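Peer 1: Got a structure for you, questions after.
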Amino acid sequence: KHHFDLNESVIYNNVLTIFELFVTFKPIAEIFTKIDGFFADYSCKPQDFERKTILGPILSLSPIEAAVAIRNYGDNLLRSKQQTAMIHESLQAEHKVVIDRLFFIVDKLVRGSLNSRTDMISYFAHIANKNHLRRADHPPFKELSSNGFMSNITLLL
Amino acid sequence: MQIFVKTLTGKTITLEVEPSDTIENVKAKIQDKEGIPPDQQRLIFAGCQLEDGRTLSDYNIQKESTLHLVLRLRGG
Amino acid sequence: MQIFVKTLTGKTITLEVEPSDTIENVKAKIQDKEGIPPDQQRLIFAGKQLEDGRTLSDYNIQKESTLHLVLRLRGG
Amino acid sequence: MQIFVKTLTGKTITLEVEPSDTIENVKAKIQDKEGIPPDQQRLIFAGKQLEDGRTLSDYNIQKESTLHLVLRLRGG
Amino acid sequence: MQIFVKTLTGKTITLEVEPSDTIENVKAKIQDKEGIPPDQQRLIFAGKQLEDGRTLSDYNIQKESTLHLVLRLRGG
Amino acid sequence: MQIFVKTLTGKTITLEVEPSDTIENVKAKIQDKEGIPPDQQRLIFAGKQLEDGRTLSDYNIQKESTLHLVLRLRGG
Amino acid sequence: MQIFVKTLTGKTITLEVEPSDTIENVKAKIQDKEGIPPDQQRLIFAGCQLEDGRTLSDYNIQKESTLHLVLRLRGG
Amino acid sequence: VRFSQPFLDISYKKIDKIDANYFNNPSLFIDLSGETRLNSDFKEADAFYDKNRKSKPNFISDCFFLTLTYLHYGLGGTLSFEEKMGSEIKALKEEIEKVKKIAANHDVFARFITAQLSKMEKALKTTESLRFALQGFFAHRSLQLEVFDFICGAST
Amino acid sequence: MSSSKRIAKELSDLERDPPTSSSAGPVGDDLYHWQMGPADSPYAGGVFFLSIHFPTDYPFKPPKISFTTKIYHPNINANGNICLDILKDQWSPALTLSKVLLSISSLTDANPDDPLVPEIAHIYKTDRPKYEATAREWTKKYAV
């Protein structure tokens, strides 16, 4: 409540660092996986895994988000190959940085504890099996998880 | 047994079917795997349409046969 | 009236009829063993066609004359 | 002595039980709320299926032992 | 004073109580006279579920009246 | 079993029955004259109800006992 | 004979109907006078809906009776 | 409607000019399909057509009834047609602040949204124009006076 | 002049002979404002709260009755309307409130020709298993 996109380069870095301190401590990791709001609802809306769980607000960051691209490439609609390649080479480095930063999270998350790694596997699997509608010719995009999110988690795991 | 079907874009979603099952019976197993209401369920086999109420064994559709999930002028 | 009938592969049955009966009633002694639906009631007689709806006096079914039963695959 | 069991979609549930309860009895205590066919009984403890004929006692089931309700076994 | 309490089986028991007694007291008497747990007990009078914190005089319960007792809970 | 029947206005018919029959079979001799559909098969017997689906041994139809046939106006 | 029906705005379009005619039979005489496809044809009489296949004489709708052309949450 | 007032004279002398038996024969120019009747059914209507079994052409009588027919199917339809317009004006204004109460802080989606209400304010000014224009010519007392004169004469 | 004298006796008939699976009487103090799912039915485990308002002509008119507990039945909507053919066709003056409660207890047997909720009526027509499952679902949901 208080549009968590990748535009505000002075927010998401702080949000990531907020988890960065917790993830370091081994006693924190072994029990971080069993908290309130970690799992989403049992019958949660597929488009509601974005804003109704723990991780969903932090790893959903990806350049594919509509407004970021509207601001960058939609500003200069008739840009040539080099002009858009400028946006690419500008944003891909930030993308690589965030990917590596949150992989550091998930590594200790898996290396938290036995129940921790079981919980993370279950948490991914549950989001997966509720997205089979993605493979249709005209899938219900408004009823499915944003492809930025389900694509980010792919090369992450 | 199992049979095949393909859309315009080339995707090949298989689905188990039974000789007793009618065309609407199999089309009921379509929106589950593609999210398509049967109001637009349009089936062509061997260039000929299929009757709505008729059963699977009404078109001699053997095992490992082929369907063609085509669409009418509906949607959009 | 004993009229023989044989399928494509060579299997045959022994069935009884009456001279003034109908081919569907003769067919009614074809679904007694296998249970062949009337929609597939195909009769072949020496390069011609025998419609199901007519009678035995119109099909000139003689004594111990073998007819041809072939599974119908209608549709078009 | 109630036990927990989770489905493929993960519906946590409770069911009071006894050491002598047979596995099929436990399954019969499931379709009350889930409406599952008991013939497709498939219960998973410690990565093992539960021998339906036996009871819970031959398994080292303890207080609030977790189970997995994976009984699709489909089908269609 | 004596009143009538009916369980789900239709079993009628006469309970000799006083109007000043609370419904909790009545449920304790029921558990003493049959062993049935009081948390499962659901008393019905003229289509009204009663409260253990309240007494018989509160709901105009006269003697020789009929009370319907309802049980619940199962094997999970 | 001669059982009389009379409608609201006082018109009556003379019909035959058997002691082991069913009320719908008794009704089958009620649509012989008017052609009354079975959906309107209403029987009235001394302030009670007589469902159509039962038999004459359950309706205790005595000898020359008049029943009541009233047009049904169901709906709701 | 002729019967009545009214919309939400109060207009009273009459239309001849026949006792044999079904509810869809009369509703087929609706889009002609108001241009409403029977997909939304919703009829209420005396607060009770009418079954689709049911005929006119299935609701004792006498001459000079009243219908109520109401609409569902469809259209727009 | 102008052809009516001569035979609808305030002296009321041309009453016999319009035949009251004009609906004895079947129609000649006006439609009766779906034409509900006053206190008779089609079953009596078709029989009574024949029951007379005989037809003198006259423009006047045809024009008189065509006048009422166009009255009902015409501006009679128009008044109800605009009867929902006043509700439609409130409906259009209902979303006017609904799409403005949102955070309008986009780069080009904001420009598209502003173009989405640049036409909407013209739409409001047009719906209000229609609502305040249909009302005035209804308030054109001369025209309505003529119409009401025709109503009175036809009733007579 | 005539109205009240029937209600008191029809009510005291409860004390004279209590019913099997029901209980009646005034909901509060009003005379005209009066207040158990069958085992062989998915309603089992359900006991119901009822709203009753006798009309001024109750001895000569059927009393309208409403539900307070939601149910899943074809002949019942959310407004508790009862498709009892007695009340609107042959609600004789001699029919007791107890007899009316008995006819209600007959609702159990569903009438398919009176599809107050046709969505549930077709399910009763072919989908009895899920019908009985959902009836118990709502039984445990509302009619505790």
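FYI, nothing fancy with the structure tokens labels: chains A, B, ... in order, residues from 1 per chain, ligands from 1 as they appear.
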Would you mind listing what lies within 8 Å of residue C:65 as JSON, numbers by chain, with only C-alpha atoms counted and same-chain residues fewer than 3 positions away left out?
Peer 2: {"C": [3, 4, 61, 62]}
Peer 1: Computed after least-squares fitting of chain C to chain D on all C-alpha atoms in order, what is the RMSD in Å?
Peer 2: 2.1 Å
Peer 1: Run DSSP on the backbone and tell me which residues of stretch 12-44 of chain E come out as alpha helix (DSSP H); list them as a VMD selection string.
Peer 2: chain E and resid 23 to 34
Peer 1: Using only C-alpha atoms, determine which residues lie at most 10 Å from residue H:134, disregarding the query and same-chain residues fewer than 5 positions distant; provide the list as a list in words.
Peer 2: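 So the residues in contact are residues 78, 79, 82, 128, 129 and 139 of chain H.
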Peer 1: Residues of chain F no more than 7 Å from chain I, counting only C-alpha atoms: send them over as a VMD selection string.
Peer 2: chain F and resid 74 to 76
Peer 1: Measure the distance from atom CA of residue B:69 to atom CA of residue B:7 in Å and round it to one decimal.
Peer 2: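 Spanning atom CA of residue B:69 to atom CA of residue B:7 is a straight-line distance of 5.0 Å.
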Peer 1: For stretch 48-52 of chain I, find every residue with an atom within 12 Å (counting only C-alpha atoms), except residues of its own chain fewer than 3 positions away, and show them as an MDAnalysis selection string.
Peer 2: (chainID E and resid 44:49 70) or (chainID I and resid 21:28 30:38 43:45 55 58 62:71 79:82 97 100:101 104:105 139:140 142:144)
